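Chemist: Here it is, the structure, as C-alpha cells.
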Amino acid sequence: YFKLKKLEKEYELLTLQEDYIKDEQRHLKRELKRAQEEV
Amino acid sequence: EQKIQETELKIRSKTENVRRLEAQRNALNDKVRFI
Amino acid sequence: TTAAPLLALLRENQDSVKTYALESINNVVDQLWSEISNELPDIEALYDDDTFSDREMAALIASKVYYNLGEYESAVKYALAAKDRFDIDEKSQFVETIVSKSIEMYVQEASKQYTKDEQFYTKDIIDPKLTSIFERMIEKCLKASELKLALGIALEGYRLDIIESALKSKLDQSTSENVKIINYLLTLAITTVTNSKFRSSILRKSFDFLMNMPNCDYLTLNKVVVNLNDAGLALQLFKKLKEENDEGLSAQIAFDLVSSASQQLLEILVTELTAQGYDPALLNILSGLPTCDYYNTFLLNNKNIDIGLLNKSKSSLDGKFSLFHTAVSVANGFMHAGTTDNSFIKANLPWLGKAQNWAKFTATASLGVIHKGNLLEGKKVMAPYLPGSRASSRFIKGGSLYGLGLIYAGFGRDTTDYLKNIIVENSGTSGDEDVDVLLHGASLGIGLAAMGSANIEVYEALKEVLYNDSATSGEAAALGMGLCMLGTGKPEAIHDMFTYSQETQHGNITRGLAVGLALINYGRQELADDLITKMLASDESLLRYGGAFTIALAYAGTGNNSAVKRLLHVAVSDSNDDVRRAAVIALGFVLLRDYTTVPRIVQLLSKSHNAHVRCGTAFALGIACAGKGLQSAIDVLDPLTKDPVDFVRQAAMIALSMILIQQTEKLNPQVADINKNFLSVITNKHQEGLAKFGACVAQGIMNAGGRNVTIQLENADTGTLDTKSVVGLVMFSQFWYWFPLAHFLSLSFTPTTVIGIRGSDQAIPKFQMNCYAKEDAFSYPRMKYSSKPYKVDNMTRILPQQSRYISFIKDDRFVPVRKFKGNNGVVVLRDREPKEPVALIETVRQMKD
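Protein chains in written order, with PDB author numbering: chain K, 48 to 86; chain J, 24 to 58; chain N, 4 to 176, 178 to 787, 860 to 925.
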C-alpha cells in the first residue's frame, strides 16, 4: 500500500514549484532593476 | 489499479517542466552574487 | 454485418428483421467504428421510444463506439442504459476504464450532493448511472479478497454502507485481521475525506465491532475518542473496562489517552468522568500523577550532563549583558529538565549574581524547565519569589509566576485562581515598571496553565490590562488570551482583538495581538480565511508577521496545496525580511506530514540575497526533520553555517541540534563536526556574537534530559498535531528582537524509554531485553540487521527512530502483546507474573505523588 503514499508525497514538490517559476521571473525583474541602479 | 497509475503519469510529465526551473535558478543565483 | 447501412434501414418496416440485423452488429463493434459514427444519432433517438424493445442490445452497440472514439463520459451512460448486457466480471480493458471513469465522476458528485442530503449513497439522489458500477465494483473486489481497492475507493466516493456492510463478511477473529483492516480506515480518511462529519461516522462504526473487546486493539479505540472528543464514547470505553477486569489492559488505555488528548478532552476524563462514575485506580492516571512521574523518574535514572564541557562554556565571561546569561542558563535547563536539579542556581553562586534585572528572568524560568512535571512541590521551588515572601527585587519576582506556567501547563487548574488574583489586583493601573514585570510572568503563567481551555474569566481579566496600553505587561496579556482560545475558540474574540490592534499602535502590543490572533484560530483551515485576508491586505509589518503563523496553525497536519501557494507569495512580493522569514517558517508546519520533501523545498529558498530568508528556512528545516530520518538535511544546513550573518548561524546551530539527536555512533558523519563547534565558536573571536550564543544552546539540546528527551512533532505516539509542541516552536522565531523566548521550547521534549513496569502499579525495575539495536547507551560526549542482542535495552537513550528492528523477549516475567509497541510516553507492558523477583527499584515518584 506504500505505492499510493509515496506518490502523494511527491506532489508537494510539484505544488510549490509551479508558482515558484514565475517568482524567479518577478525576482529577475527586480534584479534587472537593481542592475541598472548599480551602474 | 490503472486509475492510480494514470495519476502517476502527471509526476513524470511535470518533472520535465521542473527541469526548466533549474535553468532559471542558476541564472538567478548569478544575478544574486552579482548584486 | 456492417453497422452503417443497417442503422440507415431503421426507417423501414418489419422490425423483426431489425433484431437479426443488430445481432450481426455486435461482432463489428470492435472492428470498424468509423462508419457507425455517422449513424450514432439513430441509436440514441430510439432509446426513448416506448415501441422500441431492442434498447437492451442497442445499448451494447453504442457502448463500444463512443468509447473507441475517445469519449470516456459516454461509455458509462450507453453501457448501463440496459442494466443487463453490461458484465463487470469479464476481464478486458474496455470495462476497467469505464469503471475508473464512472468512479472519477462519482467522487465529484459525492461531495456536491452531500449538502442536500447525507443519505445520498442509500438513495436515488445521485443518478443511478454513476452508482451502478460503483456498487458492483466494490462487490467484485470483495469476492477477490482485495481490501486495498475496496476501502480506498469507498473513502473517495463518500459511502458509509461499504465500510459497515463489507466489514462484517470479512471478519477473521487468528485475532489479527480486524485490527489492520480498521487501521487503513483511520489513516487514509484523514488525507482523503474532506467532510468532517462523514469521517466522524466512520470512527463511530468501528467502536461497535470493538465494543465487546475480544482481545482486540485498544489503540484504535483511543484514536476514535481523541479525534471525535465525544464524552459519550470516551466514558463508554471505561465502562467496558469495569465489566472485564484487567489491570494491565485498563492501564495501557488510560496512560495513552492522557498523553494524546487535547485540553478539552482532559477535562472530560477528569471532571466529567467523576460525575458519571470512575475507577479509583484509573482516576489518578488521567489526572497526570503517574504521567508527570514518567518525566521525572525516567530522566533521573540515567542523566549525563558532561559538566567538563559545560563549565568551559559558562566560565568564559561574565559580560555580554543578558545574551550570554540566557545561553548558559537555558541550555543548562535542557539537560536537567524533569530531573529537578537546582545546581545551576544553588550549587553555582557567581552565575546568578552577574545577571541584570531582565537577565534574572532566564535564571528563574530555567527552574520551570528543570522542575517541569512537579504537581506538588513545584510551588516550593519558587517559594522565596512567590508573592507575600517578596524577593531581592520585583524584576526577578515576575519570573517566578512564569516558571509555574511551564511546570503546571495543562494541569494548572489548581494554579488558575492563584495566578488570576495577582492579575486582577494590578489590572487597575501600574505606577512602576517592575510591577508590569510581575504581571508579565503572571499573564504568561496563567496562559500556559489554561492553555487549550476556554476561560472567560482569564480573558476578561487580561482584557482590562490591554486597555491600559502597557508596553511590557501589555504584550503578555495578548499571549495569555491566545492560549485559552486555542482550537475552536471564541468567534467574537476574533474581531475584538483585531480591532484593538488598529486602535492601539504599540510595538509590543500590536505584535502581541498579532500572535494572539494566530493562536485563536487553530485547526480551522478555511474558517480562518477571513482573518488572513485582513492581514495580507494590510501593509503593517506586525500584521504580516503573524499572518504567516496563522496559516501554519490552521493548515497544519494534512498538507494543503492552497496554503503552500499563499505562504510562497508572501516571502516573494513582500520586501520585509522579518515577514519573509516568518513565511518560510510557517511552511514547515504544513509540511509536518511529509519530511522527505522539506529539504528540497528549503534548499530552493536557501539561495537569495536576504539573510532572514536563509535564517527562516534553516529552523523550518529542523522542525519536521528533528524526530524523523533523512540525515541529508544537515548538508543543506552546511552552507548556512558559513554565512557571516549572525542570526543565520544561530538558527542553523539550533536546527542542527534538532536533527542530529541520537545520530551519533556511525550513523551520520556530521556528528563529529558539530561536537567540535561547541567550544570552537565560543572561544573564537572571529565568529559572530550571536553565533556562539546559539552554539551553547545547541550543545544542550542534544544532551537535554541527559541525552534522552527528543523533539517529537506529528509522530505515532501522539497520533495528531501536538498543541504544546507547535506553539513552543512559534515562540522561538522571536529571540533577540525583544528578549529570548526559548523557555517555551520545553513543551516539545519527551523522553524515549521502553519498560514493562508491572501489571498493577508503578515499579520501574531493572532488566535486559537483549535485542538488536545500534549502541546509543554508552555513547556520551567525551573530553543491516544482524539479529544480535544487546547488553541493556531498558530505558536510557536506545534508538527510537530505527527501533522497529527491536523485538521483545518472552523469556522474562513479562509477555509480548504488540511486538514492541514502541510508545515511550505510555509503556507499562503486560506483566503475566506480578510481584515476582524482577529486581524492583523504588524511584522518587512518591515525592511528586
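C-beta: ideal position from N, C-alpha, C; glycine also.
Within its chain, find whatever has a CB closer than 6 Å to the CB of N/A24; leave out the 5 residues flanking it on each side and keep chain order.
Modeler: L9
Chemist: Flag this pair as touching only if the stretch 531 to 538 of chain N and the stretch 695 to 713 of chain N have three or more C-beta atom pairs under 8 Å; answer yes or no.
Modeler: The stretch 531 to 538 of chain N, when compared against the stretch 695 to 713 of chain N, does not touch it at the 8 Å Cβ threshold.
Chemist: Output the boundary residues of the alpha helix (DSSP H) element that contains K/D66.
Modeler: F49 to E85
Chemist: Step through the CB atoms of chain J and report whether any lies within less than 7 Å of the CB of N/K384.
Modeler: No - not a single Cβ of chain J is within 7 Å of the one on N/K384.
Chemist: I'd like to know if the stretch 609 to 626 of chain N and the stretch 639 to 657 of chain N are in contact, where contact means that at least 3 CB-CB pairs between them fall below 8 Å.
Modeler: yes
Chemist: Using only the alpha-carbon positions, how far apart do J/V55 and K/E78 sit?
Modeler: 8 Å
Chemist: Is it the case that the stretch 295 to 311 of chain N contacts the stretch 326 to 335 of chain N, given that we only count it when at least three CB pairs across the two stretches are under 8 Å?
Modeler: no
Chemist: Along chain J, in chain order, which residues have C-beta atoms closer than 8 Å to that of N/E99?
Modeler: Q25
Chemist: Applying the criterion that 16 or more other CB atoms from any shown protein chain within 10 Å of the CB defines a buried residue, is N/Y526 buried or exposed?
Modeler: buried
Chemist: At the 7 Å Cβ level, is N/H613 part of the contact set with chain J, yes or no?
Modeler: yes
Chemist: Is it right to say N/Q256 is buried, meaning 16 or more other beta carbons lie within 10 angstroms of its own, or is it exposed?
Modeler: buried
Chemist: Label N/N226 either buried or exposed according to how many other C-beta atoms from any shown protein chain fall within 10 Å of its C-beta, with 16 as the threshold for buried.
Modeler: buried
Chemist: For N/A78, I'd like the list of residues in its chain whose CB is within less than 7 Å of its CB, leaving aside the five on either flank, ordered along the chain.
Modeler: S66, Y69, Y70, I101 and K104
Chemist: Just the Cα atoms here: how many angstroms apart are N/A387 and N/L443?
Modeler: Straight-line Cα distance between these residues: approximately 17 Å.
Chemist: Could one say the Cβ of K/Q64 lies closer than 7 Å to chain J's Cβ atoms, at least one of them?
Modeler: Yes, contact with chain J.
Chemist: DSSP on N/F890, reduced to helix/strand/coil?
Modeler: strand
Chemist: Quick check: what's the CA-CA separation for N/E669 versus N/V891?
Modeler: 31 Å
Chemist: Candidates N/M455, N/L270 and N/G73: which alpha carbon is nearest N/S40's?
Modeler: N/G73
Chemist: Using CA atoms only, rank isn't needed, just tell me which of N/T368, N/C619, N/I46 and N/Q96 is closest to N/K80.
Modeler: Of the candidates N/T368, N/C619, N/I46 and N/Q96, N/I46 places its Cα closest to the Cα of N/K80.
Chemist: Considering only DSSP beta bridges, list what N/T714 is partnered with.
Modeler: Partner residues in the beta bridge of N/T714, as assigned by DSSP, are N/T754.
Chemist: Our contact map puts N/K424 next to N/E468 with C-beta atoms below 8 Å; I'd like the distance itself, whole angstroms only.
Modeler: The Cβ separation is near 12 Å, so there is no contact.
Chemist: Name the chain J residues that come within less than 8 Å of N/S103, Cβ to Cβ?
Modeler: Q25, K26 and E29
Chemist: List, in order along the chain, the chain N residues whose C-beta lies closer than 9 Å to that of J/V55?
Modeler: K611, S612 and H613
Chemist: At 8 Å on the CB atoms, spell out the chain J contacts of N/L152, in chain order.
Modeler: Here the neighbours are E24.
Chemist: On the criterion of 16 or more Cβ atoms from any shown chain inside 10 Å, does N/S477 qualify as buried, or is it exposed?
Modeler: buried
Chemist: Taking a contact to mean a Cβ-Cβ separation below 7 Å, would you say residue 926 of chain N touches N/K376 in this structure?
Modeler: Limits of chain N in this structure are 4 at one end and 925 at the other, which puts residue 926 of chain N out of reach.
Chemist: Which term fits N/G493, buried or exposed, when burial requires 16 or more other beta carbons within 10 angstroms of its beta carbon?
Modeler: buried
Chemist: Report the neighbours of K/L60 on chain N: residues whose CB is nearer than 8 Å to its CB, in chain order.
Modeler: Within chain N, the residues near K/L60 are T601, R604 and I605.
Chemist: Could you give the distance in angstroms between the alpha-carbon of N/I874 and the alpha-carbon of N/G633?
Modeler: 15 Å
Chemist: Buried or exposed: where does N/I64 fall if 16 or more other Cβ atoms within 10 Å of its Cβ makes it buried?
Modeler: With 16 or more other Cβ atoms inside 10 Å of its own Cβ, N/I64 counts as buried.
Chemist: What residues in the stretch 29 to 50 of chain J bring their beta carbon closer than 9 Å to a beta carbon of chain K?
Modeler: Answer in chain order: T30, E31, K33, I34, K37, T38, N40, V41, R43, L44, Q47, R48 and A50.
Chemist: Hey, does K/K80 have any beta-carbon neighbour from chain N nearer than 7 Å?
Modeler: no
Chemist: Express the C-alpha separation of N/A708 and N/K184 in angstroms, rounding to a whole number.
Modeler: Distance between the alpha carbons of N/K184 and N/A708 is about 36 Å.
Chemist: Among the residues of its own chain, which have a CB less than 8 Å from the CB of N/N233, if the five just before and after it don't count?
Modeler: Around N/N233: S266, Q268, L269 and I272.
Chemist: From the DSSP output, read off the bridge partner residues of N/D907.
Modeler: Answer is N/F890.
Chemist: Look at N/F502 and N/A522 and say whether their C-beta atoms are less than 7 Å apart.
Modeler: No, Cβ-Cβ distance for N/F502 and N/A522 is not below 7 Å.
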